[PDB]
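Novice: Sequence first, structure after, both from an experimental entry:
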Number of protein chains: 2
Amino acid sequence: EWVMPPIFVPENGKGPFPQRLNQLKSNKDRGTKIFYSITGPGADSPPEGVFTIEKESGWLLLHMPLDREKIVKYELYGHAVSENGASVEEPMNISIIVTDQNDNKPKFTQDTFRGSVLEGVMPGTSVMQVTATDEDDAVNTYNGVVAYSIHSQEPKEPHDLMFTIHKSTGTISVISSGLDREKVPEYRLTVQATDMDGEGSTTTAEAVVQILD
Amino acid sequence: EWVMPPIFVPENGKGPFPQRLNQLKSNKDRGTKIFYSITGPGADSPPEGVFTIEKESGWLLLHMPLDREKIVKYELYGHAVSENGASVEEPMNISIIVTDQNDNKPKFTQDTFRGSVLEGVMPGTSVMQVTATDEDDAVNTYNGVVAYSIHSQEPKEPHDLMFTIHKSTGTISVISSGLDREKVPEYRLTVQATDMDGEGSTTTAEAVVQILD
Ligand SMILES: [Ca+2]
Ligand SMILES: [Ca+2]
Ligand SMILES: [Ca+2]
Ligand SMILES: [Ca+2]
Ligand SMILES: [Ca+2]
Ligand SMILES: [Ca+2]
Ligand SMILES: [Ca+2]
Ligand SMILES: [Cu+2]
Ligand SMILES: [Cu+2]
Ligand SMILES: [Cu+2]
Ligand SMILES: [Cu+2]
């Protein structure tokens, strides 16, 4: 059986609407006047109205720019029915997949994270864990893949490189010895999350580490 | 059977190329890797290469801007063959119709027409017939429908309106009496053929009428 191929539609389309995606046809046009229709989430089910089909021509229509972050793929079904009201074709699967654009910056779950670590802890230890999320595609592209780093550390005593972060998980570790509560009680780190695995747009949040002698 | 609908492609399309018209798919993709091809005048037959198809994806491609005046309609067939070398679908007819643009001016059969009429002829008689052709569509549009007229007459003696031309057939007639061989031997008319039934682009040729005793 010949089947309609899935339809790839890049999100945030600028062209005019409605947009013609594809066109259905039943070879039983020769014998009788045929009428086309579509059903499924996106047509007659919520979100209703996004996809429609011209009853007599069979043109699949898109009325709104799509947002991949909202719905990545729609699973609709096209129908063909003679004047009799009875279907003359088995429903056809119309898969409409939305391609991703990097239109979302990373966002930290919280503006500020609080953690704590002890005095004589050996380098390579865990302190706390911060997390940021990017709603873009993180499977086929890097538009959604988040990378972690540290922008600055205050104060810069005894050293400027007192902590570190795993680029993928975002858990902060003690990199250098010399932690002392009597000297410095709190460490204000400004952590950074950037998409494109470090090559794209960036956002920042605060991570407070109190020391425990 | 769900079949691919005809494909309308306006002639003289700008880029980019190749252009994706439609895409084929056999649901036997589920079982085996399928390979696609197309045959017929326009693909493998003259004019060869105009339409081709990506073997693994099944994208129908157009490689050159089309000219309707050359070929109005292509009748191709798409094939699906499994990796094993066996056809998995009955060939499907991919009909590609080219819609017309008004890109052809009328052309007179001759750069100059020679005709003759007698001196004492009564108004309303026929003299000669000029003809121009438009290679554009004259059935669905008026891009090819030609209308005739007279731009000038030299000399303009005894009168400026000595002749006339039927707007449809293009046969020149004497509208006014007063033809004299002793006074004026030749009449250099510059006749005009314009498409759009008189409202479009125009071209002109000359029609020389010698008068006879
Ligand atoms: Ca989006
Ligand atoms: Ca996106
Ligand atoms: Ca992103
Ligand atoms: Ca042409
Ligand atoms: Ca034309
Ligand atoms: Ca024309
Ligand atoms: Ca005489
Ligand atoms: Cu609309
Ligand atoms: Cu700064
Ligand atoms: Cu090409
Ligand atoms: Cu002139």
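Specialist: Yes, it's here. Residues are numbered from 1 along each chain as shown, chains lettered A, B, ... in the order given. Ligands and ions are numbered 1, 2, ... in the order given.

Novice: OK, contacts around the closest residue to ligand 2 within chain A?
Specialist: Scanning chain A for the residue nearest ligand 2 gives residue A:136, at 4.2 Å (criterion: C-beta to the ion). For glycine as for every other residue, the C-beta is placed from the backbone atoms N, C-alpha and C. Counting by C-beta atoms under 8 Å, 6 or more residues apart in numbering or on different chains, residue A:136 touches A:68, A:69, A:100, A:101, A:102, A:103, A:104, A:143, A:144, A:195.

Novice: Can you tell me which of those residues are buried?
Specialist: A:68, A:69, A:100, A:101, A:102, A:104, A:143, A:144, A:195 (16 or more other C-beta atoms under 10 Å in any protein chain shown).

Novice: three-state assignment of the fourth one?
Specialist: Reduced to three states with DSSP: H, G, I helix; E, B strand; the rest coil, the structure at residue A:101 is coil.

Novice: from what I can see it touches residue A:9, true?
Specialist: No: shown here, residue A:101 and residue A:9 do not form a contact pair, counting by C-beta atoms under 8 Å, at 11.6 Å.

Novice: Could I get the buried residue list for whichever strand or helix holds residue A:117?
Specialist: Element membership for residue A:117 (DSSP states H and E) is strand A:112-118. Buried residues in strand A:112-118, defined by neighbour count with 16+ other C-beta under 10 Å: A:113, A:115, A:117.

Novice: Name the surrounding residues that touch the next helix or strand after it.
Specialist: Scanning forward in sequence from strand A:112-118 by DSSP H and E, the next helix or strand is strand A:126-129. Strand A:126-129 is touched from outside by A:113-117, A:163, A:169-174, A:207, A:209, with contacts defined as C-beta under 8 Å, 6+ apart.

Novice: what about the helix or strand that strand A:126-129 is followed by, distance to the chain center?
Specialist: If you walk from strand A:126-129 toward the C-terminus, the next helix or strand you reach (DSSP H and E) is strand A:132-133. Offset of strand A:132-133 from its chain centre (C-alpha atoms, centre = their mean, to the nearest Å): 11 Å.

Novice: Kindly report the residues of chain A close to ligand 3.
Specialist: Contact residues of chain A with respect to ligand 3, defined by C-beta under 5 Å from the ion, are listed as A:102, A:104, A:134, A:136, A:143, A:195.

Novice: One more pass at 8 Å, please.
Specialist: By C-beta under 8 Å from the ion, the residues of chain A that approach ligand 3 are A:102-106, A:134-136, A:143-146, A:195-196, A:200-201.

Novice: Surely residue A:41 touches residue A:50?
Specialist: No: in this structure residue A:41 lies outside contact range of residue A:50 using C-beta under 8 Å: 9.1 Å.

Novice: Outside of stretch A:97-106 itself, list whatever touches it.
Specialist: When contacts are defined by C-beta under 8 Å, 6+ apart, stretch A:97-106 is touched by residues A:6-12, A:66-69, A:71-74, A:132-137, A:140-141, A:143-144, A:146, A:193-196, A:200-203.

Novice: Got the domain ranges for chain A?
Specialist: In the domain annotation for chain A, the residue ranges read A:3-101, A:102-213 (curated CATH domains).

Novice: Output the set of residues of chain A in proximity to ligand 2.
Specialist: On the criterion C-beta under 8 Å from the ion, ligand 2 has as its neighbours in chain A the residues A:11-12, A:67-69, A:100-104, A:135-137, A:143-144.

Novice: which one of those residues is nearest ligand 3?
Specialist: Relative to ligand 3, the closest of those is residue A:136; by C-beta to the ion it sits at 3.7 Å.

Novice: gap between the closest one and residue A:18?
Specialist: Separation of residue A:136 from residue A:18 (C-beta to C-beta, to the nearest Å) stands at 26 Å.

Novice: Ok, residue A:103 next?
Specialist: According to C-beta to C-beta, residue A:103 and residue A:18 sit 22 Å apart.
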